[PDB]
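Q: This structure is in structure tokens; I'll ask about it shortly.
There are 2 protein chains.
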Amino acid sequence: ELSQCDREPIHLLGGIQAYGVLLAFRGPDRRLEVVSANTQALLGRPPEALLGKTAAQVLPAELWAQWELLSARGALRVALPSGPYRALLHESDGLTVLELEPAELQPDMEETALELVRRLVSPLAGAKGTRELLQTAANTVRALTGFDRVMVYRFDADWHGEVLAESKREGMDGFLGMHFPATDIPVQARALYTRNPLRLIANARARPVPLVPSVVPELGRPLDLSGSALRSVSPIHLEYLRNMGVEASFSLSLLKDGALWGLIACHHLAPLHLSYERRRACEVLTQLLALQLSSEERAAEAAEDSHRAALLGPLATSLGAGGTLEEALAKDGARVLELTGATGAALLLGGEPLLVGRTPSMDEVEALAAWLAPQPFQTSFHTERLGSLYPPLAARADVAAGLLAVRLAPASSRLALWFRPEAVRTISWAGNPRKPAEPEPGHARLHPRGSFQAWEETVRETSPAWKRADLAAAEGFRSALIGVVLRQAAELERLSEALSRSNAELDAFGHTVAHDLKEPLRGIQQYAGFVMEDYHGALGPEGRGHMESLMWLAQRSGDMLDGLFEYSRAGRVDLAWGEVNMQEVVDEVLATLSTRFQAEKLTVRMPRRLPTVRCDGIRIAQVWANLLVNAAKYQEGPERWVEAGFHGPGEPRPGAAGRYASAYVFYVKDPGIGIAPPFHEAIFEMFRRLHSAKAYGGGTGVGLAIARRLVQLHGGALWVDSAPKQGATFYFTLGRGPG
Amino acid sequence: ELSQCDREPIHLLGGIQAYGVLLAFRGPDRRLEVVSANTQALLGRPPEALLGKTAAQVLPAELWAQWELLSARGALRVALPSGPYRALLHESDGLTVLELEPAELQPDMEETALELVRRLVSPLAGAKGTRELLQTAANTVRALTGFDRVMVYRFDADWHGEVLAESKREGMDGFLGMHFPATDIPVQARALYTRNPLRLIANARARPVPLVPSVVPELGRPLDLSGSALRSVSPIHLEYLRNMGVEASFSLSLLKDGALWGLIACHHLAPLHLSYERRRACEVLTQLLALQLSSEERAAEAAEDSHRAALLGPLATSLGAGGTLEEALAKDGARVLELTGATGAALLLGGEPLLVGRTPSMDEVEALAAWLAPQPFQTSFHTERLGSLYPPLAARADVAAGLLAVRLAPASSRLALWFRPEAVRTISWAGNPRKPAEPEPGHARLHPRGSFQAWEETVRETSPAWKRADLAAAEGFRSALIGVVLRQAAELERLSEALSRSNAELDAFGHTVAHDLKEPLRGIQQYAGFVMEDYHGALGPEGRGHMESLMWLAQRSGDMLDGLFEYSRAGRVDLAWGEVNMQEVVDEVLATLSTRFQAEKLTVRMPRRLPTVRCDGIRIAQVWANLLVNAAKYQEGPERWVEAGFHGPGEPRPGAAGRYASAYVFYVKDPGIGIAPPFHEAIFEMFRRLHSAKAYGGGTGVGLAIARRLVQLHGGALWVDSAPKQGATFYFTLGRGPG
Ligand SMILES: */C=C/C1=C(C)C(=O)N/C1=C\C1=NC(=C\c2[nH]c(/C=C3/NC(=O)C(C=C)=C3C)c(C)c2CCC(=O)O)/C(CCC(=O)O)=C1C
Ligand SMILES: */C=C\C1=C(C)C(=O)N/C1=C\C1=NC(=C\c2[nH]c(/C=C3\NC(=O)C(C=C)=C3C)c(C)c2CCC(=O)O)/C(CCC(=O)O)=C1C
């Protein structure tokens, strides 16, 4: 920036303060080439003639008594006929630089300075907070320097700083709680202050002392004074101080690590000068303060992050505990809002967005959801001034001041949204930030602000800035728990509803079968009616036989259709508790399956007749037929047979049949392949088989389910004792029935 | 060797090191009550003869001049004819103790006070964590004082000592990693170290100087010396140092909120002296170190807890994705252990125990799991020592010294538990560097192999205490991982049986349509054979017609079955292409639905003649019938008329019909209520009706799905344009079919 401020060079102005004396040396010869003009008082010779001559006779002889140890160390206190002076040496631009300053006069303060500086570390420090540290540091600085006003200036990320602590004298004007514009500190000053910890300005009204010669012959520019301590500041800042009304200034820099955290500023109303040892004490004070501040801020950040993680966890615990995703989220919307300190939570799981708290209206929320897809961000996005970037939503910015968005899915429209409310803030400036300076004709300079009276700027459509902890919480919300639980909850809900539609379709199919089953009955009645009753004689023998075959085929088809309707259909399957001979039903089932038994080489074994029990004959016959079909379907042994019997009251029974102490336990045993004992309860399920569907001469697996349902409806249960290559025995328990 | 060690007092030894001088005063007149034996050299008078003598006479007038200043400040440097002599003053027990020590010969202008503070503090600009803080502090202290060895000791929970950081001169043995029992530093020593922050032993070989009189006349005990800094040392510690071969000692205490935390010890092989400025700087150094340590420990604990919480992140992310809990444990066996910092994880989820890392044998694990059940604990159990409580595992405590268990099932014996070995194999050996020295003392006091052996016996079969962070992490695991895995297993079983139910429903539909095609394969055959049964006019025409009617009914029944084959599934039939006129299909549909149109007062409108398209006649007729039924179902207007038209290639058509760029688009328009544009696609779903199922004379919601499926199978798509109270128009696009 080549504008009045940044364009002005520093550390090359060549201005020297009044009281100092400056000398330069180079090479082993150590001659004089850069000397100030105010040395005539000390040296007693024309400084212009003193340039280049033998230094061995220029400076007073008393200095050479400790010259070597001063060069070894860098600081020296020496008595002169004019008075006791302080001397420092430093190598700048490849040349030795010597300074002479009016030294201190009271030799009784240096020891007390240790006691004074001990007050910052203190028996008590930080027990009440960082504010205590700052105010104690300011008070100690003020007591040490003897100045009037001492303030602490903390820089911001935008390089416009504030003041935190303050120490005052009676009658002065305080500057607590004001914001100064970032233009007050140019880049050159920030660059310089990373290397020179402190500086002093004794007299604002004093004209800077020129340096002779004007420029260095081998450089063409005045010698750098960055490492020195007597450089005069640019007159623009002098005018700034004069307009402020102060007289003398003295500042130190707080370095966190290569970064200017802040300054310690001191002002005065009269000319005043400080000793070297006092400045060293203040430097040590700043060192200690910087150490403590860095440690405390690190601890605070770590504690905040740990607290946010330990708040993230319980959300996962609570979500896992519950079983109603939307309702569980609603009943603890405060927790998710506090997760990042927001007021509106919005969830996008591919369906209707979920809204909690102060949230934008629906139209706005899918307007935003449509957006943020064109905007490229790798994982997440966040902003405070949404209305500026998004004019459409700037209208109702009260509930949509600022936002944060996280890509819930890896790459989709599933986004999590946090909305902040409008926060009203006002800030004070010592002067008008809009006009940091007044231009002058020629644009060679920009005069500083004429006044620094309080001016109020009120911001609108703003919310507190996002903290790093908020970003960490959002990132830990995207994945690393909480994300897994809500992803799986959404999958669970959106597929459980699909399964609900699935059994709804199953019920619809059942109702369709129920209302269509009236057609086979009507067709069978029509086929039976008007035939074989009036035209039976006219049909002849062959006609009557063909009609009988047709009627038998129709009846068989109707019976098969009725049996296939094993579901609920129009009427749920039930049992009629009646005195029906179980032996007769078993014999009828065997006669019906006699052809299958002969084809499968299965012999019906009846060691004893099944006792009669109070149960439906049709249901008992169906259960027996299903059990026989299941036993003979997976029968591979050459000796295939089915043994049917029953254990009554007190009759011996195997362990599996003895599980239920029913009055009657009908057992059918076959020496087939059988099923695994774990699969014995599995085969009883609907359409469950231990072999391939197309194997064992085809199968459906619904017979075992029908038998189990019949047993359950009869007050008992069906248990199959089956072992690998050891045969199978299915026992069904018959209860007393309804009473 | 003396057992009277932890009880013997250090205050009342009545001894002062060789170089110092001590006087005691009492009363307003400041009489003499306690003096040392070195007063003869510095005063030139008999020691005991000065007791009870007036203060002004005995003490030289030089320190009398500064006596009030000495009382005010507390310390003062004063030159005496013999030489410089620093004076200290403090009130011990109602007796004012004055302290004279030989000040160093330096003229105090080499490295004055408050200057060493900067030298010590400057290298502490970094010090990211806590260990490097102590390391750098020890290094810079050894650089400043120049002592041979510097060590840092940290105290354990029960005052066990551990060497943390060592900064040593090259040449001697290193003691980094030591461990000594609490008995090596008695209670009185700890109290003294807490009280004052400095301790210095100038010479180990110096004989202590006695105190005359041997006891105070009044209190009956030797004068207190805790407040002072020249009290003698116990002979046992002198023997300790002599065996160690250490001459002078310098120790700085470390505090934390008033509780002792560690020590900084300095050892030298020869007597040495320290300037008082260095000591006065070291005091401030200790204060600053305590202030730093508090925040550093807080931040370290917070960061450790945060990392423990975040470790659940990747572990949870391992779940959810395809894998088993045991599988994740097997590959992530590494990450699990540092969740509690153990060497072995065991868990009993319901099957055989799972063991990862270092753990006892499986049978012992099962026995321990059985033994845990009687012990009453709600959720968490944990011991640092197991042999004291579990005798069976006491012998093999080397790998199972301590344990931490948490139950998984609320009531059942499902628990997960981490094992930690004894705190003697974890610690790296440091105590016995071999090369034993030539002297061989009793070595019960000699640290080499003397200590670190009692400590081994004191802590054998014991694990480091379960830190609160580890317990919190274990609780978080038990909560979150179980609350995730339970619903993960629920999801697994749920979609398993959902897929099973869907495929079983499809297979049952296929089997049922097979059965309901085989049944009419006999029914229609019987109906046809009934005609040939008569084979003559004997049956008569009318009766024969009845048979014909039955045949038609049979055919109708078959048609119904065919309808079922096209009802539940999308098409359940192979696609075909044929030259079937769309106008003929529309006319046939209108004629079939003529009764329905007359009953519902529906008028068939034909704005244009439907051309001929390459599509199946049956499929086109079914699609048209479904569209007409859907249009007439939701028709509530008085002038309810259905208009059927066709748009060819390049002809004007509605935008919805223009979605599919097909040659022909057949559109059916009705003035009924229609469906919402969002519900236009939802209505196309099978069994999806926007109104009540029983409303509008019943409904199924499968005709639109069938039409959409036919359109999709015909190389096109089916669209519906409808708005609330704006009619509806269903357009089906017909493609060119296969090439
Ligand atoms: C009968 C009691 C004691 C036995 C036990 C013993 O060995 N020392 C006993 C009393 C005191 N020890 C004091 C100082 C001290 N001792 C240790 C022990 C150590 N453990 C180690 O590993 C090492 C080094 C290898 C040592 C030296 C320490 C660490 C200390 C403090 C360090 C120091 O001040 O030098 C003591 C106080 C003496 C005093 O007045 O200063 C007593 C009493
Ligand atoms: C481009 C012109 C210009 C405008 C006017 C302006 O505000 N500053 C400026 C140029 C320079 N000012 C320099 C020095 C300087 N300014 C400040 C500002 C403050 N004084 C306070 O009391 C205070 C509060 C707290 C603030 C923010 C300060 C602190 C300085 C440093 C000098 C002091 O120690 O006071 C400057 C660099 C010259 C130099 O410092 O050597 C330029 C170029």
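Respectively, the protein sequence lines represent chains A and B.
Taking the UniProt record's numbering, the leading residue of the first sequence gets 9, the next gets one more, and so forth.
Taking the UniProt record's numbering, the leading residue of the second sequence gets 9, the next gets one more, and so forth.
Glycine included, C-beta positions come from ideal geometry on N, C-alpha and C.
Okay, do the stretch 170-181 of chain B and the stretch 244-252 of chain B touch, 3+ Cβ pairs below 8 Å being the bar?
A: No: fewer than three Cβ pairs fall under 8 Å.
Q: Use the C-beta contact count for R288 of chain B: other C-beta atoms within 10 angstroms, 16 or more gives buried, fewer gives exposed.
A: For the purposes of this step, residue 288 of chain B is taken as residue 280 along the second sequence, with counting starting at 1. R288 of chain B should be labelled buried.
Q: With DSSP as the reference, identify every bridge partner of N589 of chain B, one or two as the case may be.
A: Locating residue 589 of chain B in the second sequence gives position 581, where the first residue counts as 1. According to DSSP, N589 of chain B bridges with B:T620.
Q: Counting only beta-carbon separations shorter than 9 Å, does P528 of chain A have a partner in chain B?
A: Looking up residue 528 of chain A in the first sequence gives position 520. It does; some Cβ of chain B falls within 9 Å.
Q: Going by the DSSP bridge assignment, what does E99 of chain B pair with across the sheet?
A: For the purposes of this step, residue 99 of chain B is taken as the residue at position 91 of the second sequence. According to DSSP, which records beta bridges pairwise, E99 of chain B is partnered with B:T104.
Q: Let me make sure I understand the geometry here. Which of A:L299, A:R38 and A:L124 has the alpha-carbon closest to that of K136 of chain B?
A: Position 128 of the second sequence holds residue 136 of chain B. Of A:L299, A:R38 and A:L124, the residue nearest in Cα terms is A:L299.
Q: If the criterion is Cβ atoms closer than 9 Å, does the pair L219 of chain B and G22 of chain B meet it?
A: On the second sequence, position 211 is the one that residue 219 of chain B refers to. On the second sequence, position 14 is the one that residue 22 of chain B refers to. Their beta carbons are under 9 Å apart, which means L219 of chain B touches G22 of chain B by this criterion.
Q: Taking 8 Å as the line, does the beta carbon of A350 of chain B fall inside it for any heavy atom of ligand 1?
A: Stepping through the second sequence from its first residue, residue 350 of chain B is reached at position 342. No, ligand 1 has no heavy atom inside 8 Å of this Cβ.
Q: Would you say the stretch 569-585 of chain B touches the stretch 617-629 of chain B, given that touching needs at least three Cβ pairs under 8 Å?
A: Touching, yes, given that three or more Cβ pairs across the two stretches are closer than 8 Å.
Q: So, using beta-carbon positions, are residue 6 of chain B and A424 of chain B closer together than 9 Å?
A: Outside the displayed span of chain B (9 to 747) sits residue 6 of chain B, for which this structure offers no information.
Q: Using a C-beta to C-beta distance shorter than 7 Å, which residues of chain A count as neighbours of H554 of chain B?
A: Counting from 1 along the second sequence, the entry for residue 554 of chain B is found at position 546. Those are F538, listed as they occur along chain A.
Q: List, in order along the chain, the chain A residues whose C-beta lies closer than 9 Å to that of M568 of chain B?
A: Residue mapping note: residue 568 of chain B aligns to position 560 of the second sequence, counting from 1. Those within 9 Å of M568 of chain B in chain A are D524 and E527.
Q: Rounded to whole angstroms, what's the CA-CA distance from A190 of chain A to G169 of chain A? Just pull it up for me.
A: Counting from 1 along the first sequence, the entry for residue 190 of chain A is found at position 182. Counting from 1 along the first sequence, the entry for residue 169 of chain A is found at position 161. So the alpha carbons of these two residues sit roughly 7 Å apart.
Q: What residues in the stretch 89-120 of chain A bring their beta carbon closer than 7 Å to a beta carbon of chain B?
A: Result list: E118 and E119.
Q: Which residues in chain C have a C-beta closer than 9 Å to the C-beta of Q496 of chain A? List them in chain order.
A: Absent from the structure: chain C. Protein chains present are A and B.
Q: Which residues share a DSSP beta bridge with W437 of chain A?
A: In the first sequence, the residue the question calls residue 437 of chain A occupies position 429. Per DSSP, A:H187 and A:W463.
Q: Can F695 of chain B and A342 of chain A be called in contact, C-beta distance under 9 Å?
A: Locating residue 695 of chain B in the second sequence gives position 687, counting from the first residue. Locating residue 342 of chain A in the first sequence gives position 334, counting from the first residue. Not a contact, by the Cβ cut-off of 9 Å.
Q: Taking 9 Å as the CB-CB cut-off, is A324 of chain A touching chain B?
A: Your numbering for residue 324 of chain A matches position 316 in the first sequence. Closer than 9 Å to some Cβ of chain B, the Cβ of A324 of chain A qualifies, so yes.
Q: For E513 of chain A, which residues in chain B fall below 9 Å Cβ to Cβ?
A: By one-based count along the first sequence, residue 513 of chain A stands at place 505. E513, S576, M694 and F695, listed in chain order.
Q: From what residue to what residue does the alpha helix (DSSP H) around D567 of chain A run?
A: For this step, residue 567 of chain A is matched to residue 559 along the first sequence. Segment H544 to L572, the alpha helix (DSSP H) holding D567 of chain A.
Q: Does any residue of chain A bring its CB to less than 9 Å from the CB of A311 of chain B?
A: Sequence index remark: in the second sequence, residue 311 of chain B carries index 303 (1-based). Yes, contact with chain A.
Q: From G656 of chain B to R502 of chain A, what does the alpha carbon distance come to, in whole angstroms?
A: For the purposes of this step, residue 656 of chain B is taken as the residue at position 648 of the second sequence. For the purposes of this step, residue 502 of chain A is taken as the residue at position 494 of the first sequence. Roughly 41 Å separates the two Cα atoms.
Q: Residues of chain A with a CB under 7 Å from the CB of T348 of chain B: which are they?
A: Here residue 348 of chain B is taken as the residue at index 340 of the second sequence, counted from 1. The contacting residues do not exist; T348 of chain B stays about 16 Å from chain A at best.
Q: Kindly indicate if chain A contains any beta-carbon less than 9 Å away from that of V292 of chain B.
A: The count along the second sequence starts at 1 and reaches residue 292 of chain B at position 284. Yes, its Cβ sits closer than 9 Å to a Cβ of chain A.
Q: Using the Cα positions of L128 of chain B and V149 of chain B, report the straight-line distance between them to the nearest angstrom.
A: Position 120 of the second sequence, counted from the start, is the residue given in the question as residue 128 of chain B. Position 141 of the second sequence, counted from the start, is the residue given in the question as residue 149 of chain B. Distance between the alpha carbons of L128 of chain B and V149 of chain B is about 7 Å.
Q: With a threshold of 8 Å, are at least 3 pairs of Cβ atoms found where one atom belongs to the stretch 729-738 of chain A and the other to the stretch 67-82 of chain B?
A: Flag = no, the stretch 729-738 of chain A and the stretch 67-82 of chain B do not touch.
Q: Could you tell me if the beta carbon of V493 of chain A falls within a distance shorter than 8 Å of some heavy atom in ligand 1?
A: Indexing the first sequence from 1 puts residue 493 of chain A at position 485. False, no ligand heavy atom lies under 8 Å from that Cβ.
Q: Near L454 of chain B, which residues of its chain fall below 8 Å by C-beta distance, leaving aside the five closest residues on each side in sequence?
A: As a position in the second sequence, residue 454 of chain B is number 446, starting the count at 1. Within the same chain, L454 of chain B has close Cβ partners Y248, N251 and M252.
Q: Let me confirm a value: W426 of chain A is counted as buried when at least 16 other C-beta atoms fall within 10 Å, else exposed. Which label applies?
A: Walking along the first sequence from the start, residue 426 of chain A turns up at place 418. The residue in question, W426 of chain A, is buried, as its Cβ has 16 or more Cβ neighbours within 10 Å.
Q: Indicate, with yes or no, if ligand 1 has a heavy atom lying under 8 Å from the CB of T144 of chain A.
A: Mapped onto the first sequence, residue 144 of chain A falls at position 136. No, the beta carbon of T144 of chain A sits no closer than 8 Å to any heavy atom of ligand 1.
Q: If you pair each beta-carbon of the stretch 321-338 of chain B with each one of the stretch 395-411 of chain B, do three or more pairs fall below 8 Å?
A: No, the stretch 321-338 of chain B does not touch the stretch 395-411 of chain B.
Q: Less than 8 Å between the CB of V241 of chain B and some heavy atom of ligand 1, yes or no?
A: Locating residue 241 of chain B in the second sequence gives position 233, counting from the first residue. Answer for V241 of chain B: yes, Cβ within range of ligand 1.
Q: Where do the ends of the beta strand (DSSP E) carrying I209 of chain A lie?
A: Taking the first residue of the first sequence as 1, we reach residue 209 of chain A at position 201. It spans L206 to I209 - the beta strand (DSSP E) in which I209 of chain A sits, taken as one unbroken run.
Q: Give a yes or no on whether the minimum CB-CB distance between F517 of chain A and chain B is below 9 Å.
A: In the first sequence, residue 517 of chain A corresponds to position 509, counting from 1. Cβ-Cβ to chain B under 9 Å: yes for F517 of chain A.
Q: Using a beta-carbon distance below 9 Å, is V86 of chain B in contact with chain A?
A: Here residue 86 of chain B corresponds to residue number 78 of the second sequence, with the count starting at 1. No, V86 of chain B does not count as interfacial toward chain A.
Q: Could you check which residue in B:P399, B:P456, B:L376 and B:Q461 has the C-alpha nearest to that of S421 of chain B?
A: Translated into the one-based positions of the second sequence, residue 421 of chain B becomes position 413. Per the Cα distances, B:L376.
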